[PDB]
Each structure stands twice: as structure tokens, then as C-alpha cells.
2 protein chains.
Amino acid sequence: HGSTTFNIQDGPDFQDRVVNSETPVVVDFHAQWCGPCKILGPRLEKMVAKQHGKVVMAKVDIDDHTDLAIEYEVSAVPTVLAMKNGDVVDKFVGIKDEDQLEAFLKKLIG
Amino acid sequence: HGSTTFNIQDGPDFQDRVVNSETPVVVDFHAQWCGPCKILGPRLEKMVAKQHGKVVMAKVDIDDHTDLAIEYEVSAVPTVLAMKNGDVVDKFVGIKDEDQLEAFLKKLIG
């Protein structure tokens, strides 16, 4: 559990690493068929990594974990949710650039 | 099978019932998390049924067919591809009303 960026493995994993997270979390719902996801994912991953634990990034492949997509009412990908204390606190859909992501993260982190 | 409307189960089933179809095929990419698909899928499936074999409908659960969404560059649902002798000949994304679907089918069937 050393990495601030990680693939969600299953329901349990989500509940532990995300719902029960002591730090703010960005949840990236993505799939291999989603082109914009292929740019956004790594861009967000890099920016989260640089925060060294002030925020974590939980990646959820909606093919592998379609239940989590249903639960969180995903309607397209990429969808990124900001979560804190188990609640959804912010959300965007689609690609964002580095400036936009940086703003998103600072708002979440404080 | 006897039905003009069906679920694609796997890769071979797509080769047999779509790529090797002797009739024109409408291929409906949907997902369990997609609200609009709940409207479109049934609407289209009924209209297809009514043609009693002049066209067939291959339903593709995107999340069970990453491969096919990759191949046909499906990045959202619903997406519907019209296909004939192995190739894409028309496409739409999102819901369509009955008039629209009629036109789409007439254009494909002739």
C-alpha cells in the first residue's frame, strides 16, 4: 500500500483505499476503449504522485469493475470524482490540461 | 440461432453472427451504467424484430467486449454501427427517435 496511485482491485479494495481513506482521493473511472482516458490518466497520475501522499489516486477500470461504475452513476469516461471522508465532493468529466488539474487538486487538498 | 436480435457472447460469436452475416447488421454498443441505452436499445430492438430477418441486431455490452470497442473505436454509449459484409457503413451515437431509426434502417436495408 506504498503507492499514492493504484488500480482498484475489487469492492473491498475500494472501500478500504477510497471510502475509508484518511487523505483526499481522486477516483479515475476509465477503460481501455476510452481514448481521452489514455491522456488524462497518466497526466493526473504524475500530478498526484508529486503530492507525496497529500492526495491519492484510485483508478477504476469500469470493464473490470462495472459495479463500481453503476454505484457512482458514471455515465461516460473519463469521470474523475474527488472524495473526502467517504463522500463525493467534486467531479469532472473528460480531458483536463495540467493547469486545470493543478487547480482541481489544490482545491481538494487545500 | 433463430432470433434476429441477440447478445454477442464472445469474439467467435461476433465473427459468426456479425462479420459473417448474410444480412445487414445493426451492432448496439451499450452498458449497464448507461441510462440513454435503456431507451434506445428496446426501441431499436423492437423495430429490428419487426423486419423478420431483413436485418439483425447484435447487442454488445461494452464492458464485456473491450476488444470490440477498441476495434471499432467506440468511446461512448450508446453507439450503433450498421455493418454489411464485414465493414461499417453507417454509425450514430446517442438516442434516436422512431422516425430517425426508421430512416436509418431503410437506408441500410434499402
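All positions are counted from 1 along the displayed chain.
Per the header: X-ray crystallography, 1.8 Å.
Note: Cβ is positioned from N, Cα and C throughout, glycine not excepted.
Per Swiss-Prot, the feature active site, nucleophile maps to B:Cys34, B:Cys37; the stated evidence is similarity to another entry. Per Swiss-Prot, disulfide bond is recorded for B:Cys34-B:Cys37. Here Swiss-Prot flags B:5-110 as domain 'Thioredoxin', drawing on sequence analysis. Per Swiss-Prot, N6-acetyllysine is recorded for B:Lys96, and the stated evidence type is a large-scale study or a structure entry. Look at Swiss-Prot and you will find B:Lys96 tagged as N6-succinyllysine, backed by similarity to another entry. Feature annotation from Swiss-Prot assigns site 'Deprotonates C-terminal active site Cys' to B:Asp28; the stated evidence is similarity to another entry. Taken from Swiss-Prot, the feature site 'Contributes to redox potential value' applies to B:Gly35, B:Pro36, supported by similarity to another entry.
For B:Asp28 (site 'Deprotonates C-terminal active site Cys'), the spatially nearest entry among the recorded positions B:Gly35, B:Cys37, B:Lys96 is B:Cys37, judged by CA separation. The CA atom of B:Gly35 (site 'Contributes to redox potential value') is located 14 Å away from the CA atom of B:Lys96 (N6-acetyllysine). For the recorded sites listed here (B:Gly35, B:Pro36), the lowest count of other CB atoms within 10 A around the CB belongs to B:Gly35.
Proximity to chain A, taken as a Cβ less than 8 Å from one of its Cβ atoms, holds for B:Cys34, B:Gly35 among the recorded positions B:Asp28, B:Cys34, B:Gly35, B:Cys37, B:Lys96. Counting only same-chain residues six or more apart in sequence, the Cβ atoms lying under 8 angstroms from the Cβ of B:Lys96 (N6-acetyllysine) belong to B:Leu40, B:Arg43, B:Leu44, B:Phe104. For B:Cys37 (active site, nucleophile), the same-chain residues that are 6 or more apart in sequence and have a Cβ closer than 8 Å to its Cβ are B:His30, B:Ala31, B:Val77, B:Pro78. Taken residue by residue with DSSP, B:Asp28 (site 'Deprotonates C-terminal active site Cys') is part of a strand.
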